[PDB]
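# any chance you can model this:
(one chain, ligands or ions: 6)
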Amino acid sequence: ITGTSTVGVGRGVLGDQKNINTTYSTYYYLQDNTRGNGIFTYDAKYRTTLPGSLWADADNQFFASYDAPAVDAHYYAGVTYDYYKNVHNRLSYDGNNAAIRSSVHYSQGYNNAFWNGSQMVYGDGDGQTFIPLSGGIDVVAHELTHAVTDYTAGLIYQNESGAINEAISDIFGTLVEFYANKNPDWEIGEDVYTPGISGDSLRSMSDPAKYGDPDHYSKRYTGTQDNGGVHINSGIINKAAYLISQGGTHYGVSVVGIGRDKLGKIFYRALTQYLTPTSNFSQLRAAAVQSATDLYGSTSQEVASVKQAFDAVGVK
Ligand SMILES: N[C@@H](CCCC[NH3+])C(=O)O
Ligand SMILES: [Ca+2]
Ligand SMILES: [Ca+2]
Ligand SMILES: [Ca+2]
Ligand SMILES: [Ca+2]
Ligand SMILES: [Zn+2]
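Numbering: from 1, shown residues only. Ligands and ions are numbered 1, 2, ... in the order given. Please see the structure below:
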C-alpha cells in the first residue's frame, strides 16, 4: 500500500515485546518500508489460499495472541534482512532488494513452515508438537535462506544437493540466531518445538545423532524418503559446519575451530561463487576449501580446519 512509515509495538509467540515497522493508510499494515522494496506480512486466516490479506491493525498495537505469529514473522524477516545486508553485503534474497513476503496462520494445526518459491509460509502448529513456527528466529532465517540458495547455487531439492540445501539453511538460520544474540544455540527450532518438553529441538548441528541424523558420510541414508534424506543427510554437513566454527574431536579427528564469522564468510562464498544445482558433498568440500583459500590463503589455519572438518565426517 501507499502510506506513511511508522513504528508499532506488539508481543511475539514467546511473549517478548518488540517494535515493528508498519505503514499507515487508514489501517496500520505489517509493511516495513525501511528494508529494500519492503517486508510484507499476510494473514492466511487458517486457510491454504496464499498469500492472504496484508496484515491490518486499527491502532498499531499487536498484543492479541492472534497477532503474535505475525509480529515474529515480520520482525525476524527484518533481522534476517539486516544479517545478509550487514554481514554479507547482500540486499534481500535475490541480491537486488526483492520484497520479502510472509504468511502466518497457514491451515489448521500445521506443524511446518516453508518457502513456496515466492514467499515464506508459517503454520500455528497443533499446540503439542509445535507452537507458531515464526516464533523461532532460526526457523524464519532457515526458510528465507532457501530463497537465497534458490537465487545463487540453485541446489536441486533431492539427494546430496538437497542435503547441502537443507544444511546451508540450518547453518545461516543458526548464524542469524547468533547475530540477534538472544539465547543462541546450534540446535534447530528449540523455541517452537514441543512446548511441553524443555531442552529438545527438531535437529542438532552439534550432535545430529541425538535426533537420529547421521554425523558421518558412511552412515548416510540412501533410500527415497524425504526426497532422498534432505533433512537427514543434512546432519553430515551440519556437524562439519559446527566443527569448523567451534572445533572438537569427532571419530578421533581433531578440528581447530575458527569461529562463526569465518564459517559464515567461507560458506556464503562457496554458495554464491562455486556451488551448482547438482553439487554433491565431495564438490561442497572442494568449494569450501577453495573459498577459505581465496579468503585466507592455501596455507591458513582456516583452510586446514575446513579439510579436518570434512575429513571428520568422512567426505573426501
Ligand atoms: N522441516 C522439517 C521438519 C518439520 C516437522 C515435521 N512435520 C520437514 O519438513 O521435514
Ligand atoms: Ca491492534
Ligand atoms: Ca535459542
Ligand atoms: Ca536454534
Ligand atoms: Ca520443546
Ligand atoms: Zn529447509
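# tell me the contacts of the nearest residue to residue 141 once chain neighbours are set aside?
Counting by CB to CB, 6 or more residues apart in numbering, residue 176 is the residue found nearest to residue 141 once chain neighbours are left out, at 3.5 Å. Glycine gets a C-beta too; all of them are placed from N, C-alpha and C. Shown in contact with residue 176 (CB atoms under 8 Å, 6 or more residues apart in numbering): 79-80, 83, 137-138, 140-141.
# and residue 128, by the same measure?
Residues near residue 128 by CB under 8 Å, 6+ apart: 194-196.
# which of those residues are buried?
residue 194 (16 or more other CB atoms under 10 Å).
# among the contacts of residue 128, which one sits closest to ligand 2?
When the contacts of residue 128 are ranked by distance to ligand 2 (CB to the ion), residue 195 comes first, at 24.9 Å.
# in the stretch 51-200 of the chain, which spans are helices?
For the stretch 51-200 of the chain, the helices defined by DSSP state H, counting those that start in this stretch cover 68-88, 137-151, 159-180.
# so the shortest one, near ligand 3 or not?
Yep, that's helix 137-151 we're talking about. No: judged by CB under 5 Å from the ion, helix 137-151 stays clear of ligand 3, getting no closer than 7.3 Å.
# got it, and the first one?
No: contact of helix 68-88 with ligand 3 (CB under 5 Å from the ion) is absent, the minimum separation being 12.3 Å.
# let me know the angle separating that helix from helix 159-180.
90 degrees (axes from the mean of the first three to the mean of the last three CA atoms, to 10 degrees).
# so how far is helix 68-88 from its chain's centroid?
Relative to its chain's centre, helix 68-88 lies at 11 Å (CA atoms, centre = their mean, to the nearest Å).
# thought residue 147 was touching residue 165, still the case?
No: the pair residue 165 / residue 147 is not scored as a contact, 11.6 Å apart, by CB atoms under 8 Å.
# tell me the contacts of the nearest residue to residue 76 once chain neighbours are set aside?
Leaving aside its sequence neighbours, residue 76 sits nearest to residue 140 (CB to CB, 6+ apart; 3.7 Å). Listed by CB under 8 Å, 6+ apart, the contact partners of residue 140 are 72-73, 76-77, 79-80, 102, 113, 120, 134, 176.
# and the two most separated of those?
79 and 113 (15.9 Å; CB to CB).
# what residues does the stretch 101-250 of the chain have near ligand 3?
Counting by CB under 5 Å from the ion, the stretch 101-250 of the chain comes close to ligand 3 at 183, 185.
# for the stretch 101-250 of the chain, which residue gets nearest to ligand 4?
Taking CB to the ion, the stretch 101-250 of the chain has residue 138 as its residue nearest ligand 4, at 3.9 Å.
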